[PDB]
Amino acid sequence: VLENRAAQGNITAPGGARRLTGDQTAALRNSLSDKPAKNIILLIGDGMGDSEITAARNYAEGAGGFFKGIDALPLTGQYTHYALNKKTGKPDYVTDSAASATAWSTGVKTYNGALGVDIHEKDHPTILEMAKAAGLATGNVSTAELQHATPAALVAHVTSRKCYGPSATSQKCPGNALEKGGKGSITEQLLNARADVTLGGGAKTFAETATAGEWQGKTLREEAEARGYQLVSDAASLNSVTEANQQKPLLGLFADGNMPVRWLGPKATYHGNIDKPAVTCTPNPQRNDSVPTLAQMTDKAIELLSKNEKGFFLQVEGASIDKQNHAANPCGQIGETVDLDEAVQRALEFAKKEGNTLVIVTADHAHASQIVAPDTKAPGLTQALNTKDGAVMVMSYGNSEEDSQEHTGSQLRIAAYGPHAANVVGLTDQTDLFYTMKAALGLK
């Protein structure tokens, strides 16, 4: 159960590549606790399967290096995340972000595109909803529009993840449409859910006006304000916040859509590893210093949520690992994994210091990227990258002739730390995670 998993020394020498310093048996036996967790932090790297973890490590930390956050969770396993076909109720082997997010927040499988509803379009409570109910503080942070599938699955029950605001819901989720007797669009259900801390992007959807109810006529922003929400739009005002609770819930909207990626790099191209020079990522100049980082949001949320006595449940999402994977952009993809590692370090530090916190880091599904030989002549999109090792690493995206590269169905890594972390070991299902959290918190 070491906290240092980096190669021991000279990787070309006997035992120099080893990551293990001694015997884990005692150490591991000592990290196995079935006492209840008081808090739970679930970090989700969108689309971050093992391939994505390995490439970012190879790049940012080197083959023999290790993520001080992502790689430091002692209890590990692999979990399945297949979705269901709506008609047949038969497995659909490659899930989308909505059906998967619904799985751990609800504990029930569903079809691709569904948020908070099973294949019968029946609503099921999310873990955030049950937490809030038991008196725990709740947080939801992401680098994507808050209406996006991952953060949304915790506060909304909609038939199509496309129903962001009143106007998309009216036409695509008419039974959820507010003016039709429904609970409302994702943004509206988010505002109703009223989690203590909610941070991310997606401010543009808040400019839509409600079509029915009490705040009908007022934009969703005005409604948030009318309801007691503190609204912050940058790093400065975020840090300024001193409390967030059911009286003064916090709401951060740091971008119209998704928050900017941290690194810039060209898009992978056909024969790019052969015809184009190896690339070295650089910071993204479009991204402002006023826009908080995932670690910053994670840290602030923990500070505000840790004030609650029953405890808290927080979910953090490094959203754009997925987005840049779809875009066949290695740099944007690696930057987002590094960004997430930071958020995991913040969490682990709190967890270790507090001692009753279960921390879980995993991904909702696998994605396109593969690490291939430098000389690979692949049919898809490729790019050579200069790693920290001073060597070249080639990444391939070859599962779509369309612009967007697709998700994949491979089981992926799930790692945990803290009370009830043993339930993540071995083969499990994405729906088991729901039960693991529900029981760790004794949230029954």
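One-based numbering along the sequence shown.
Across the two stretches, 162-170 and 149-157, the PDB entry reports the greater mean Cα temperature factor for 162-170. Relative to one another, 123-131 and 322-330 have unequal mean CA B-factors, and 123-131 is the one with the higher figure.
Across the residues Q247, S369, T187, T143, the deposited record lists the maximum Cα B factor for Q247. Note on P91, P74, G201, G355: the highest value goes to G355, judged by CA B factor as recorded. Ranked by Cα temperature factor within the chain, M48 sits in the lowest third according to the deposited record. Annotation for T280: CA B-factor lies in the middle third of the chain's modelled residues. Per-chain ranking of the deposited C-alpha B factor places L20 in the highest third. Among all modelled residues in its chain, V1 ranks in the highest third by Cα B-factor. When the CA B factors of the chain's modelled residues are split into thirds, the value for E402 lands in the highest one.
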